[PDB]
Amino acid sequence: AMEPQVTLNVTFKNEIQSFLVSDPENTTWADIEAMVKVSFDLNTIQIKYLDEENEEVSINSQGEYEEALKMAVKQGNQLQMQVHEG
């Protein structure tokens, strides 16, 4: 046990919102996507994050989300995310 609170810093265009997610192992990618959709009024989205190689990589699944979280643990419990419409 067990990943600590993670901060998701999510950019859409020139807006950014930070979401403090208390128990990331207890979350689903579907839940996170839904939060981002509701926040930015988006329907179909692609979300990317900045990985260890400092490249934007899309998260398209629960597994890709879980891997992104493993990285966040090593990087100060935060993820820098970018959202694109469509």
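Residue numbers run from 1 along the displayed sequence.
Undergrad: Should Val38 be placed in the lowest, middle or highest third of its chain by the C-alpha B factor in the entry?
TA: For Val38, the deposited C-alpha B-factor lands in the middle third.
Undergrad: Looking at the C-alpha B-factor of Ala30, is it in the lowest, middle or highest third of its chain?
TA: Ranked within chain, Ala30 CA B lands in the lowest tercile.
Undergrad: Among the modelled residues of this chain, does the Cα B factor of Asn14 put it in the lowest, middle or highest third?
TA: It belongs to the lowest third of the chain when residues are ordered by C-alpha B-factor.
Undergrad: Relative to the other modelled residues of the same chain, rank the CA B-factor of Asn77 and answer lowest, middle or highest third.
TA: Answer is middle: the recorded C-alpha B-factor places it there.
Undergrad: Going by what the PDB entry lists, where does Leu20 fall on CA B-factor within its chain: lowest, middle or highest third?
TA: CA B-factor rank for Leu20: highest third.
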